[PDB]
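Novice: I'd like to ask some things about the structure below.
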């Protein structure tokens, strides 16, 4: 699934910073339309909206809207698939299994240690839920109960597992709505730790050089310059939209170093 | 109002079956059982068909397995035009000490003021104030860098007047999350701090070494049970109340106590 196909509507909640009940808004592709929607929700002229802060009603510039509005977690449900029954020979006291459960009566395999006797059996995977051990049914049992039975299996013998596989077709992967200054909004991944730091550096340069801050613009420049391979490619790119800023080439060089490894 | 309890009337989440489905919308669950039921309902399945949930990936990724938390979207607070001010200032040789931003739609406003600056020593000017005019000339529709430049280039020694509008004011990121407790209520909370996430991971490690299991939600529960506890005995007492069915050894309880500290 491509991220933008997941939600038909991106609905957000909003309040006036000085105090109001919550309104719900949706259907905007830039900040002007965002402001429009909020004003509409509260029976205000659109001209009255100054700026937005995220997750605080205080005038907190650290939390000023700056090109990103985060989304809620998307929930993927794994349902029952192929049922298996696998015979395993306990040849080591430790089989290599870490058991969890779904907090509702199903226990399943969360970790398989590489090298372990379990790892050497190909027919068992992470995610497989354990339905029975040696014919003893385990639906309704907690992970620790299942874990215990596993530990106490006779170390000289072959045991059987009844398993159900779920059907199958860094960061957390949580989505964000990226409000771009130079075009329509997009759904993106969250910026990496590296990118956030590079964004702060560029925002610092915007201040020291131009007497401004703009996290959205900073992010735009970071995204823009990443597959540029020299300050000249970068400078060409800055000029493609941002001529009026009249970036001194020292700024370009500075930005160029700011967005690197 | 901005009280955590008064933010959202309902918490709606989107869901797909991990092997491929259209998107469904669910609401109303107060535990995992009820969550699995609402998901099964949405896709017309028996509730017993749902095995487990992963967050933000369809893959069997245990790092992203549901573990007691379902994060919410950002809450948007709109600041609107309030009190109007006119402020006269002498332009000197030195920089005013002002950092300008804008709302990306034609309003420039003050994001920072340097301590000790010309501007800082004029308490009539505040962070958040938008600049509507300089010397009567409207700046509505100007960009931040243009306002910054005008302020920079103001003739030395001459007074200038700022027409300003304050936003109306009330008398981590702060983004919310739904905490799905196994031994308590489902509530909207703040995100765990970096310390708490690390403590949780450390407790999860202990669950594996002592019991051969992992259970991130149970780890979160233990970390939350122990946060306000003065000593291991107090921890051991809370664990017995909420988690007495587990029957934890005392060395585990002591080891957990260490997990949740510096």
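Residue numbers in this text run from 1 along the chain shown.
In case you wondered, yes, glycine gets a Cβ from its N, Cα and C as well.
Annotation comment: Swiss-Prot describes B:86-166 as domain 'PDZ', evidence class sequence analysis. Residues or ranges marked as phosphoserine by Swiss-Prot on the basis of similarity to another entry: B:21, B:182. If you look up Swiss-Prot, you'll see B:177 marked as phosphothreonine.
Taken from the PDB entry, the feature expression tag applies to B:1-4.
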Novice: Between the residue listed as 'phosphothreonine' and residue B:21 (phosphoserine), how many Å separate their Cα atoms?
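Specialist: Cα of the residue listed as 'phosphothreonine' to Cα of residue B:21 (phosphoserine) measures 25 Å after rounding.
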Novice: As a quick check of your reading of DSSP, tell me how many residues in the domain 'PDZ' (B:86-166) are helical, how many are strand and how many are coil.
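Specialist: Going through the domain 'PDZ' (B:86-166) residue by residue, I get 9 helix, 31 strand, 41 coil.
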Novice: What is the separation, in Å, between the Cα atoms of residue B:21 (phosphoserine) and residue B:182 (phosphoserine)?
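Specialist: Taking the Cα atoms only, residue B:21 (phosphoserine) lies 28 Å from residue B:182 (phosphoserine).
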Novice: Given 18 residues with no model between residue B:171 and residue B:172, what whole-number C-alpha distance in angstrom do these ends have?
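Specialist: With 18 residues absent from the model, the flanking Cα atoms are 23 Å apart.
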Novice: Cβ distance under 8 Å to residue B:182 (phosphoserine), same chain, sequence separation 6 or more: which residues?
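Specialist: Non-local contacts for residue B:182 (phosphoserine): B:31, B:32, B:68, B:217, B:218, B:221.
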Novice: Count the residues of the expression tag (B:1-4) that DSSP assigns to helix (H, G, I), to strand (E, B) and to coil, and report the three numbers in that order.
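Specialist: Counts, helix then strand then coil: 1 helix, 0 strand, 3 coil.
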